[PDB]
Amino acid sequence: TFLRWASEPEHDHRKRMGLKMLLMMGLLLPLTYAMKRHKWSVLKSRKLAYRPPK
Amino acid sequence: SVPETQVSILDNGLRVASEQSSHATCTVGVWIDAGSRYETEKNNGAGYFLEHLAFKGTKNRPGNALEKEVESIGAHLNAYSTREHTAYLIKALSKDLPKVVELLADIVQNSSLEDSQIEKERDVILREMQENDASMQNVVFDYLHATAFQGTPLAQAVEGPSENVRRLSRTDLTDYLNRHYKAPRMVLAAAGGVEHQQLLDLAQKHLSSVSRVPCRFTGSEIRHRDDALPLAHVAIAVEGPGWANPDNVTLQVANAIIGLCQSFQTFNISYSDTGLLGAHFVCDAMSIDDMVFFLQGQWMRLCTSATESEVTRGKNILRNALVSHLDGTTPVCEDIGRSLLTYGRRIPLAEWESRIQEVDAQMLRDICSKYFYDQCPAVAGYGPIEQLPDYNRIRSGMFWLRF
C-alpha cells in the first residue's frame, strides 16, 4: 500500500476529481443531448413531398 | 366633422347601416359573416362557387336578364370572399337606390343555382385554379396560412382544393347558402348619397325575409422549391392579436415604420381573435438570406430601440392612410360592412385618431416585444429558395443576444 502511495501520491485526490467528473457528465450529457435533439428535431420532423405539376 | 355612421336593426337581425354623403353615386353592399373558416373540409369551396353562381340568375330574374337590369342603370356589380367575410356590393347612382337594394335581396335569397351553370362555373373555377398557381404571392400567402394554422379551418384556402371543386352539388351549395346566410350575421351597408330612413324602409320591404338561425397559430415552415422560377417570394409572420384588441393600432404604426428585396410589404391580417402579422418580400435567390437578416434586424430594433421620430412618422403614415382610404364610396361602404361584422359597430375616425395619438415609443416597443420578440414564426417560400435559411436561423434571428 505504501509503495503504491509512493508511486502515486495523488491517488486519492484524483479519484475525488473522477467522482466529480462522473457527476458532472451525468448532469451534462442528457442536457446537451436534449439541446442537440431540440435543434435537430426541426429537420427530423421535416416532411418532404414531391409535387410534379403534372 | 365627418358624418357619423348610423346603424339600425331589423327583426331579422340584419343590421342596416348607412353613411350619407353628398356624392350622388352610392355603394350598397351586403356583408355576410361566412368564409372558408366556417367550412368543414367537405365543402371547402362552397363560398367561392356560390360567389360564382350568385350572378347567374335568380328565381324572379332568370339568367342574364338579371344582369341586363344592372346594365340598364349603368351600375357596377362586384363580389368577393375572404376566409371570414363575403361581400356582394353594387356601385350605382343615388336615384337608382331602391331597385339596387331589391337586386341585392335576390342575390342573398331567392337565388337560383342552375345545374347547367354549376358545370360551367366548375370549369371556370377549376381552370382558374389550374392557372391561379401562376400568381406567386397568392401561393406564398396560402402556404403561410396553411403552415401557420395547420389542422384548423384557417389553413384551408378560400378557393378550396380542386377535389372539392369538382365534387360539389346544388344541395351542398344549398346547405352552405341556407346555413351561413342567416339574417343576424348580415349587414346591409350603404355609403354616399343615400338617406338612412329610405334605406331602412327598403330593407324592411325586401330582405326582411332572410331567415333567423380553437384558432391556433403553429410556428412552422413550408418550402416549395422550384428553381425554374425567376424570382422568389418569402413571407414571414407571427401571430396577430385579432380584430377587437386595440394594440392592432400600435402594430399598424409599427408596420408604418417598416413600410433590399425588390418588393417588401408588411401585413397585419386579422381574423376573429387571431391573425398573421409579418412581411412578404419577392427576391432573387442570391439575395434572400440577406433580406431575411435585414428584416429581422428591423423587427428587433422596433422591439428594443424605437425612437420618437420614427413613431411620429409612423403615426402620420397611419393617419393619412386610414383617411386616404375611406375616401370613395366603395372603400367606405366596405368599411361599414367590415366594422359591423367584426367590431359590431362603426368606429369613427375621431376614435381612430385618439387611439393613434395615444401611441408613443415606449408602448410601441412594449407591444412589439409582446408580439415579435422570441416568437416562433411561420415561413412560406416559393421559388429558388435554397439560400432561404431554415428554421433555426430564422428563430435565432427572432431575438438578439445583446437584447
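Please read every residue number as a count from 1 along the shown chain.
Positions of Cβ are set from backbone N, Cα and C atoms, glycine also.
Among B:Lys56, B:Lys120, B:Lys315, the residue that Swiss-Prot annotates as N6-succinyllysine is B:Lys120.
When B:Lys59, B:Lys95, B:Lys182 are compared in Swiss-Prot, the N6-acetyllysine annotation sits on B:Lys95. B:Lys68 is the residue among B:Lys68, B:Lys99 that Swiss-Prot describes as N6-acetyllysine. Noted from Swiss-Prot: of B:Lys91, B:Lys205, the annotation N6-acetyllysine belongs to B:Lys205.
Ranked by CA distance from B:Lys120 (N6-succinyllysine), the modified residues B:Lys68, B:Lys95, B:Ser169, B:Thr171, B:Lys205 have B:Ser169 at the top as the closest. Note: the CA-CA distance between B:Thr171 (phosphothreonine) and B:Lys68 (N6-acetyllysine) rounds to 27 Å.
B:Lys205 (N6-acetyllysine) sits 23 Å from B:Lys68 (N6-acetyllysine), counting Cα to Cα. Distance between Cα atoms for B:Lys95 (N6-acetyllysine) and B:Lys68 (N6-acetyllysine): 18 Å, as a whole number. The DSSP secondary structure for B:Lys120 (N6-succinyllysine) is helix.
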